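Student: File start_2.pdb below, PDB, C-alpha atoms (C1' of nucleotides) and all ligand atoms:
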```
ATOM      1  CA  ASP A  13       0.006  -5.984 -14.246  1.00  0.00           C
ATOM      2  CA  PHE A  14       2.364  -5.038 -17.103  1.00  0.00           C
ATOM      3  CA  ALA A  15       0.277  -2.144 -18.416  1.00  0.00           C
ATOM      4  CA  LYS A  16       0.532  -0.327 -15.074  1.00  0.00           C
ATOM      5  CA  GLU A  17       4.310  -0.108 -15.211  1.00  0.00           C
ATOM      6  CA  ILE A  18       4.124   0.788 -18.923  1.00  0.00           C
ATOM      7  CA  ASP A  19       1.853   3.757 -18.275  1.00  0.00           C
ATOM      8  CA  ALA A  20       3.862   4.816 -15.219  1.00  0.00           C
ATOM      9  CA  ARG A  21       6.854   4.986 -17.553  1.00  0.00           C
ATOM     10  CA  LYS A  22       4.819   6.923 -20.130  1.00  0.00           C
ATOM     11  CA  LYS A  23       3.849   9.626 -17.632  1.00  0.00           C
ATOM     12  CA  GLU A  24       7.383  10.550 -16.607  1.00  0.00           C
ATOM     13  CA  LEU A  25       8.478  10.262 -20.237  1.00  0.00           C
ATOM     14  CA  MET A  26       5.958  12.927 -21.192  1.00  0.00           C
ATOM     15  CA  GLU A  27       7.062  14.955 -18.148  1.00  0.00           C
ATOM     16  CA  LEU A  28      10.597  14.855 -19.525  1.00  0.00           C
ATOM     17  CA  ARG A  29       9.307  15.990 -22.912  1.00  0.00           C
ATOM     18  CA  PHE A  30       7.506  18.896 -21.239  1.00  0.00           C
ATOM     19  CA  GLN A  31      10.632  20.061 -19.452  1.00  0.00           C
ATOM     20  CA  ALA A  32      12.630  19.528 -22.643  1.00  0.00           C
ATOM     21  CA  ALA A  33      10.473  22.109 -24.419  1.00  0.00           C
ATOM     22  CA  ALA A  34      11.659  24.310 -21.515  1.00  0.00           C
ATOM     23  CA  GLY A  35      15.274  25.033 -20.581  1.00  0.00           C
ATOM     24  CA  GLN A  36      15.391  22.263 -17.963  1.00  0.00           C
ATOM     25  CA  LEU A  37      16.753  18.952 -19.212  1.00  0.00           C
ATOM     26  CA  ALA A  38      19.906  18.041 -17.241  1.00  0.00           C
ATOM     27  CA  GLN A  39      19.791  14.271 -17.895  1.00  0.00           C
ATOM     28  CA  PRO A  40      18.822  13.554 -21.520  1.00  0.00           C
ATOM     29  CA  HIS A  41      19.933   9.940 -21.199  1.00  0.00           C
ATOM     30  CA  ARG A  42      16.972   9.193 -18.929  1.00  0.00           C
ATOM     31  CA  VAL A  43      14.879   9.961 -22.023  1.00  0.00           C
ATOM     32  CA  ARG A  44      15.990   7.050 -24.174  1.00  0.00           C
ATOM     33  CA  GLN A  45      16.509   4.796 -21.156  1.00  0.00           C
ATOM     34  CA  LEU A  46      12.844   5.296 -20.298  1.00  0.00           C
ATOM     35  CA  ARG A  47      11.788   4.110 -23.751  1.00  0.00           C
ATOM     36  CA  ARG A  48      13.732   0.841 -23.893  1.00  0.00           C
ATOM     37  CA  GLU A  49      12.119  -0.150 -20.589  1.00  0.00           C
ATOM     38  CA  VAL A  50       8.840   0.357 -22.422  1.00  0.00           C
ATOM     39  CA  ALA A  51       9.923  -1.745 -25.388  1.00  0.00           C
ATOM     40  CA  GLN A  52      11.379  -4.518 -23.243  1.00  0.00           C
ATOM     41  CA  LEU A  53       8.070  -4.431 -21.378  1.00  0.00           C
ATOM     42  CA  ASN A  54       5.996  -4.957 -24.490  1.00  0.00           C
ATOM     43  CA  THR A  55       8.474  -7.460 -25.843  1.00  0.00           C
ATOM     44  CA  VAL A  56       8.314  -9.655 -22.770  1.00  0.00           C
ATOM     45  CA  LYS A  57       4.529  -9.544 -22.880  1.00  0.00           C
ATOM     46  CA  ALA A  58       4.586 -11.021 -26.370  1.00  0.00           C
ATOM     47  CA  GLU A  59       7.079 -13.574 -25.057  1.00  0.00           C
ATOM     48  CA  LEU A  60       4.427 -14.736 -22.605  1.00  0.00           C
ATOM     49  CA  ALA A  61       1.582 -14.561 -25.141  1.00  0.00           C
ATOM     50  CA  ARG A  62       2.791 -17.506 -27.219  1.00  0.00           C
ATOM     51  CA  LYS A  63       3.933 -19.369 -24.095  1.00  0.00           C
ATOM     52  CA  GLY A  64       1.463 -21.758 -22.487  1.00  0.00           C
ATOM     53  CA  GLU A  65      -1.236 -20.983 -25.030  1.00  0.00           C
ATOM     54  CA  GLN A  66       1.089 -22.320 -27.784  1.00  0.00           C
TER      55      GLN A  66
ATOM     56  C1'   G B   1      85.551  83.285 -76.974  1.00  0.00           C
ATOM     57  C1'   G B   2      80.813  88.052 -78.359  1.00  0.00           C
ATOM     58  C1'   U B   3      76.947  89.587 -82.307  1.00  0.00           C
ATOM     59  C1'   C B   4      74.815  88.669 -87.062  1.00  0.00           C
ATOM     60  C1'   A B   5      74.373  84.899 -91.575  1.00  0.00           C
ATOM     61  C1'   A B   6      73.718  80.179 -93.779  1.00  0.00           C
ATOM     62  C1'   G B   7      73.601  75.032 -92.878  1.00  0.00           C
ATOM     63  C1'   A B   8      73.297  70.493 -90.328  1.00  0.00           C
ATOM     64  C1'   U B   9      71.985  67.854 -86.105  1.00  0.00           C
ATOM     65  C1'   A B  10      69.886  65.978 -80.638  1.00  0.00           C
ATOM     66  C1'   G B  11      66.805  65.312 -76.830  1.00  0.00           C
ATOM     67  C1'   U B  12      61.221  65.511 -74.934  1.00  0.00           C
ATOM     68  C1'   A B  13      56.140  61.070 -74.518  1.00  0.00           C
ATOM     69  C1'   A B  14      50.238  61.982 -74.324  1.00  0.00           C
ATOM     70  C1'   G B  15      49.905  57.578 -75.588  1.00  0.00           C
ATOM     71  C1'   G B  16      52.194  53.236 -78.446  1.00  0.00           C
ATOM     72  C1'   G B  17      55.417  49.039 -79.971  1.00  0.00           C
ATOM     73  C1'   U B  18      59.044  44.648 -79.583  1.00  0.00           C
ATOM     74  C1'   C B  19      61.902  42.195 -75.707  1.00  0.00           C
ATOM     75  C1'   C B  20      63.095  41.125 -70.349  1.00  0.00           C
ATOM     76  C1'   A B  21      61.580  40.628 -65.273  1.00  0.00           C
ATOM     77  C1'   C B  22      57.568  40.204 -61.214  1.00  0.00           C
ATOM     78  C1'   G B  23      52.554  39.156 -60.362  1.00  0.00           C
ATOM     79  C1'   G B  24      46.554  38.406 -61.344  1.00  0.00           C
ATOM     80  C1'   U B  25      43.480  35.838 -63.856  1.00  0.00           C
ATOM     81  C1'   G B  26      42.032  31.063 -65.449  1.00  0.00           C
ATOM     82  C1'   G B  27      42.026  25.787 -64.567  1.00  0.00           C
ATOM     83  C1'   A B  28      44.970  23.082 -69.219  1.00  0.00           C
ATOM     84  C1'   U B  29      48.949  19.607 -67.731  1.00  0.00           C
ATOM     85  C1'   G B  30      51.476  15.441 -64.360  1.00  0.00           C
ATOM     86  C1'   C B  31      50.373  12.601 -60.192  1.00  0.00           C
ATOM     87  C1'   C B  32      46.614  10.373 -57.200  1.00  0.00           C
ATOM     88  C1'   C B  33      41.431   7.780 -56.026  1.00  0.00           C
ATOM     89  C1'   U B  34      37.128   8.304 -52.342  1.00  0.00           C
ATOM     90  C1'   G B  35      34.133   6.538 -58.875  1.00  0.00           C
ATOM     91  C1'   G B  36      33.002   3.947 -63.351  1.00  0.00           C
ATOM     92  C1'   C B  37      33.198   0.279 -67.702  1.00  0.00           C
ATOM     93  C1'   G B  38      33.521  -4.741 -69.954  1.00  0.00           C
ATOM     94  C1'   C B  39      34.257  -9.890 -69.480  1.00  0.00           C
ATOM     95  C1'   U B  40      34.156 -14.344 -66.882  1.00  0.00           C
ATOM     96  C1'   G B  41      31.842 -16.873 -63.004  1.00  0.00           C
ATOM     97  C1'   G B  42      28.141 -17.151 -59.496  1.00  0.00           C
ATOM     98  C1'   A B  43      22.987 -16.275 -57.645  1.00  0.00           C
ATOM     99  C1'   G B  44      18.144 -15.352 -59.233  1.00  0.00           C
ATOM    100  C1'   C B  45      11.831 -14.152 -58.092  1.00  0.00           C
ATOM    101  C1'   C B  46       8.746 -10.459 -54.048  1.00  0.00           C
ATOM    102  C1'   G B  47       3.226 -10.145 -52.796  1.00  0.00           C
ATOM    103  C1'   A B  48      -3.574 -10.777 -49.077  1.00  0.00           C
ATOM    104  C1'   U B  49       0.664 -13.624 -42.447  1.00  0.00           C
ATOM    105  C1'   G B  50       0.519  -6.520 -47.240  1.00  0.00           C
ATOM    106  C1'   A B  51       5.168  -6.724 -52.241  1.00  0.00           C
ATOM    107  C1'   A B  52       7.760  -3.117 -55.611  1.00  0.00           C
ATOM    108  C1'   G B  53       7.830   2.263 -54.632  1.00  0.00           C
ATOM    109  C1'   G B  54       6.344   6.011 -51.412  1.00  0.00           C
ATOM    110  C1'   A B  55       4.070   9.716 -47.637  1.00  0.00           C
ATOM    111  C1'   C B  56       4.286  11.316 -42.481  1.00  0.00           C
ATOM    112  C1'   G B  57       7.230  10.541 -38.208  1.00  0.00           C
ATOM    113  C1'   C B  58      11.527   8.738 -34.493  1.00  0.00           C
ATOM    114  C1'   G B  59      16.450  11.441 -32.416  1.00  0.00           C
ATOM    115  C1'   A B  60      18.920  16.482 -25.606  1.00  0.00           C
ATOM    116  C1'   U B  61      20.100  20.113 -30.308  1.00  0.00           C
ATOM    117  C1'   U B  62      18.471  17.278 -36.704  1.00  0.00           C
ATOM    118  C1'   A B  63      17.686  21.194 -42.545  1.00  0.00           C
ATOM    119  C1'   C B  64      19.878  16.536 -45.847  1.00  0.00           C
ATOM    120  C1'   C B  65      21.465  11.043 -45.921  1.00  0.00           C
ATOM    121  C1'   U B  66      21.161   6.428 -43.343  1.00  0.00           C
ATOM    122  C1'   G B  67      18.531   3.108 -40.206  1.00  0.00           C
ATOM    123  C1'   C B  68      14.038   2.573 -37.763  1.00  0.00           C
ATOM    124  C1'   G B  69       9.236   2.408 -37.210  1.00  0.00           C
ATOM    125  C1'   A B  70       4.618   5.127 -32.134  1.00  0.00           C
ATOM    126  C1'   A B  71       7.225  -0.711 -28.311  1.00  0.00           C
ATOM    127  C1'   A B  72      10.171   3.784 -33.191  1.00  0.00           C
ATOM    128  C1'   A B  73      19.464   5.824 -35.250  1.00  0.00           C
ATOM    129  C1'   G B  74      15.296   0.882 -32.415  1.00  0.00           C
ATOM    130  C1'   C B  75      12.930  -4.392 -28.608  1.00  0.00           C
ATOM    131  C1'   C B  76      14.010  -9.973 -27.430  1.00  0.00           C
ATOM    132  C1'   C B  77      16.695 -15.194 -27.841  1.00  0.00           C
ATOM    133  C1'   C B  78      21.381 -17.752 -29.778  1.00  0.00           C
ATOM    134  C1'   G B  79      26.455 -17.654 -31.509  1.00  0.00           C
ATOM    135  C1'   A B  80      31.043 -14.962 -32.768  1.00  0.00           C
ATOM    136  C1'   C B  81      34.736 -10.869 -31.208  1.00  0.00           C
ATOM    137  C1'   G B  82      36.766  -8.924 -26.346  1.00  0.00           C
TER     138        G B  82
HETATM  139 MG    MG C   1      68.653  83.855 -87.784  1.00  0.00          MG
HETATM  140 MG    MG C   2      52.517  32.668 -64.214  1.00  0.00          MG
HETATM  141 MG    MG C   3      38.893   0.102 -59.748  1.00  0.00          MG
HETATM  142 MG    MG C   4       7.021  -3.232 -48.106  1.00  0.00          MG
HETATM  143 MG    MG C   5      11.770  15.381 -29.450  1.00  0.00          MG
HETATM  144 MG    MG C   6       0.700  -0.682 -29.627  1.00  0.00          MG
HETATM  145 MG    MG C   7      35.468  -6.185 -31.216  1.00  0.00          MG
END
```
Write the structure described by the file as structure tokens, please.

Tutor:
Amino acid sequence: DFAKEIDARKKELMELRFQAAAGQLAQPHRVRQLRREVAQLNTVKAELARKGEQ
RNA sequence: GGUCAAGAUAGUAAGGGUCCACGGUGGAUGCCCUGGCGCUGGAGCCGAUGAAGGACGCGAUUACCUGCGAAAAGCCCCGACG
């Protein structure tokens, strides 16, 4: 299921980039906060990959 | 006092010179250290699970440096500080 939440994050992240090329970007923090949720995502996936399979 | 004669003799500065005073220039000098040099003593290999050194790129705004790498001034677990 993890990839679904990853890509849902990626869509709004690109939406923020698109506004940021424009004059609208009132909450820049949401930018970097959206990316760490991606990284944590991927990280935890690797944390399951070794688990169980050994 | 006046005229004539003969004689001697100042001052003037265009610009200059020596000295004094006030600056401009310039960055010597003292002081300092954000940087070096040397000795002693430690520690001493990286790489095909990708080295050394790089090229692009990552930031709301980022030309240079750092750090980092599309999971990108970073992600997770432990411990320390508070
Ligand atoms: Mg005469
Ligand atoms: Mg002087
Ligand atoms: Mg010194
Ligand atoms: Mg290397
Ligand atoms: Mg950008
Ligand atoms: Mg990937
Ligand atoms: Mg502290």

Student: What would the selection look like, as a PDB file with C-alpha atoms, in the frame of the given file, if the PyMOL selection byres ((chain A) within 9 of (chain B)) were run on the coordinates I just shared?

Tutor:
```
ATOM      1  CA  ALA A  32      12.630  19.528 -22.643  1.00  0.00           C
ATOM      2  CA  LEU A  37      16.753  18.952 -19.212  1.00  0.00           C
ATOM      3  CA  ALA A  38      19.906  18.041 -17.241  1.00  0.00           C
ATOM      4  CA  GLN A  39      19.791  14.271 -17.895  1.00  0.00           C
ATOM      5  CA  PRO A  40      18.822  13.554 -21.520  1.00  0.00           C
ATOM      6  CA  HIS A  41      19.933   9.940 -21.199  1.00  0.00           C
ATOM      7  CA  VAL A  43      14.879   9.961 -22.023  1.00  0.00           C
ATOM      8  CA  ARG A  47      11.788   4.110 -23.751  1.00  0.00           C
ATOM      9  CA  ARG A  48      13.732   0.841 -23.893  1.00  0.00           C
ATOM     10  CA  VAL A  50       8.840   0.357 -22.422  1.00  0.00           C
ATOM     11  CA  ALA A  51       9.923  -1.745 -25.388  1.00  0.00           C
ATOM     12  CA  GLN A  52      11.379  -4.518 -23.243  1.00  0.00           C
ATOM     13  CA  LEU A  53       8.070  -4.431 -21.378  1.00  0.00           C
ATOM     14  CA  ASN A  54       5.996  -4.957 -24.490  1.00  0.00           C
ATOM     15  CA  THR A  55       8.474  -7.460 -25.843  1.00  0.00           C
ATOM     16  CA  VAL A  56       8.314  -9.655 -22.770  1.00  0.00           C
ATOM     17  CA  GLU A  59       7.079 -13.574 -25.057  1.00  0.00           C
TER      18      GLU A  59
END
```

Student: List all protein, DNA and RNA residues that have at least one atom no more than 10 Å from any atom of ligand MG 7 (chain C), counting only C-alpha atoms (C1' of nucleotides) and all ligand atoms, and write them as a PDB file with C-alpha atoms (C1' of nucleotides), in the coordinates of the input.

Tutor:
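result_3.pdb, written as the output of this step:
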```pdb
ATOM      1  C1'   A B  80      31.043 -14.962 -32.768  1.00  0.00           C
ATOM      2  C1'   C B  81      34.736 -10.869 -31.208  1.00  0.00           C
ATOM      3  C1'   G B  82      36.766  -8.924 -26.346  1.00  0.00           C
TER       4        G B  82
END
```

Student: For the structure shown, which residues end up in the PyMOL selection byres (((not hetatm)) within 12 of (chain C and resi 3))? Put them as a PyMOL selection string, please?

Tutor: chain B and resi 33-37

Student: Restrict the selected residues to C-alpha atoms (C1' of nucleotides) and save them as a PDB file, keeping the file's coordinate frame.

Tutor:
```pdb
ATOM      1  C1'   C B  33      41.431   7.780 -56.026  1.00  0.00           C
ATOM      2  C1'   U B  34      37.128   8.304 -52.342  1.00  0.00           C
ATOM      3  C1'   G B  35      34.133   6.538 -58.875  1.00  0.00           C
ATOM      4  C1'   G B  36      33.002   3.947 -63.351  1.00  0.00           C
ATOM      5  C1'   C B  37      33.198   0.279 -67.702  1.00  0.00           C
TER       6        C B  37
END
```

Student: So how far away is atom CA of residue A:65 from atom CA of residue A:20, in Å?

Tutor: 28.1 Å

Student: So which one's closest to ligand MG 2 (chain C), B:79, B:30, B:23, B:67? Using only C-alpha atoms (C1' of nucleotides) and all ligand atoms, please.

Tutor: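 Between B:79, B:30, B:23, B:67, the residue approaching ligand MG 2 (chain C) most closely is B:23.
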
Student: Compute the set of protein, DNA and RNA residues whose minimum atom distance to ligand MG 4 (chain C) is at most 12 Å, using all atoms listed in the file, and state it as a ChimeraX atom specification.

Tutor: /B:46-47,50-54

Student: Please expand the PyMOL selection byres (((not hetatm)) within 10 of (chain C and resi 2)) into the concrete residues it hits in this file, giving the result as number ranges by chain.

Tutor: B: 22-25

Student: Near residue A:33, counting all atoms listed in the file, which residues have an atom at most 12 Å away, once you skip same-chain residues fewer than 6 positions from it, shown as a PDB file with C-alpha atoms (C1' of nucleotides), in the frame of the given file?

Tutor:
```
ATOM      1  CA  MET A  26       5.958  12.927 -21.192  1.00  0.00           C
ATOM      2  CA  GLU A  27       7.062  14.955 -18.148  1.00  0.00           C
TER       3      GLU A  27
ATOM      4  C1'   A B  60      18.920  16.482 -25.606  1.00  0.00           C
ATOM      5  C1'   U B  61      20.100  20.113 -30.308  1.00  0.00           C
TER       6        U B  61
END
```

Student: Assuming 3 Å of padding per side, give the centre and edge lengths of the axis-aligned box around every listed atom of stretch 44-56 of chain B, in Å to one decimal and as JSON.

Tutor:
```
{"center_x": 7.3, "center_y": -2.0, "center_z": -50.8, "size_x": 27.7, "size_y": 32.7, "size_z": 22.8}
```

Student: What separation in Å, quoted to one decimal, exists between atom CA of residue A:28 and atom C1' of residue B:70?

Tutor: 17.0 Å

Student: Taking N, CA, C and O atoms as the atom set, what does stretch 38-53 of chain A look like once completed, written as a short mmCIF file (atom, residue, chain, number, x, y, z; two decimals), in the coordinates of the input?

Tutor:
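Dumped everything to rebuild.cif:
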```cif
data_model
loop_
_atom_site.label_atom_id
_atom_site.label_comp_id
_atom_site.auth_asym_id
_atom_site.auth_seq_id
_atom_site.Cartn_x
_atom_site.Cartn_y
_atom_site.Cartn_z
N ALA A 38 18.51 18.30 -17.62
CA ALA A 38 19.91 18.04 -17.24
C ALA A 38 20.37 16.62 -17.57
O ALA A 38 21.58 16.39 -17.67
N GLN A 39 19.44 15.67 -17.71
CA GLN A 39 19.79 14.27 -17.90
C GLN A 39 19.06 13.71 -19.10
O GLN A 39 18.11 12.91 -18.96
N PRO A 40 19.49 14.06 -20.32
CA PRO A 40 18.82 13.55 -21.52
C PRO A 40 18.86 12.03 -21.64
O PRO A 40 17.97 11.46 -22.29
N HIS A 41 19.86 11.38 -21.07
CA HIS A 41 19.93 9.94 -21.20
C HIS A 41 18.68 9.27 -20.65
O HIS A 41 18.13 8.35 -21.27
N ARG A 42 18.13 9.82 -19.56
CA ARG A 42 16.97 9.19 -18.93
C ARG A 42 15.82 9.11 -19.91
O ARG A 42 14.98 8.21 -19.81
N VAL A 43 15.82 10.00 -20.91
CA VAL A 43 14.88 9.96 -22.02
C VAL A 43 14.92 8.59 -22.68
O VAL A 43 13.98 7.79 -22.52
N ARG A 44 16.00 8.29 -23.40
CA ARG A 44 15.99 7.05 -24.17
C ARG A 44 15.95 5.83 -23.27
O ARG A 44 15.31 4.82 -23.62
N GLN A 45 16.56 5.91 -22.09
CA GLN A 45 16.51 4.80 -21.16
C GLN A 45 15.08 4.51 -20.72
O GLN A 45 14.74 3.36 -20.43
N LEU A 46 14.23 5.54 -20.66
CA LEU A 46 12.84 5.30 -20.30
C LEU A 46 12.10 4.56 -21.39
O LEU A 46 11.12 3.85 -21.11
N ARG A 47 12.53 4.70 -22.65
CA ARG A 47 11.79 4.11 -23.75
C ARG A 47 12.10 2.63 -23.92
O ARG A 47 11.19 1.84 -24.19
N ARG A 48 13.37 2.25 -23.76
CA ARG A 48 13.73 0.84 -23.89
C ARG A 48 13.03 0.00 -22.83
O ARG A 48 12.55 -1.10 -23.13
N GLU A 49 12.88 0.54 -21.62
CA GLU A 49 12.12 -0.15 -20.59
C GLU A 49 10.68 -0.35 -21.03
O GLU A 49 10.04 -1.34 -20.65
N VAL A 50 10.15 0.57 -21.82
CA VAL A 50 8.84 0.36 -22.42
C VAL A 50 8.91 -0.80 -23.41
O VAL A 50 8.14 -1.77 -23.31
N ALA A 51 9.87 -0.75 -24.33
CA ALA A 51 9.92 -1.74 -25.39
C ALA A 51 10.15 -3.13 -24.81
O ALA A 51 9.38 -4.06 -25.08
N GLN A 52 11.16 -3.26 -23.94
CA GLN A 52 11.38 -4.52 -23.24
C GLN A 52 10.08 -5.00 -22.63
O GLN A 52 9.65 -6.14 -22.86
N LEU A 53 9.36 -4.10 -21.96
CA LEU A 53 8.07 -4.43 -21.38
C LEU A 53 7.19 -5.13 -22.41
O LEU A 53 6.88 -6.32 -22.29
#
```
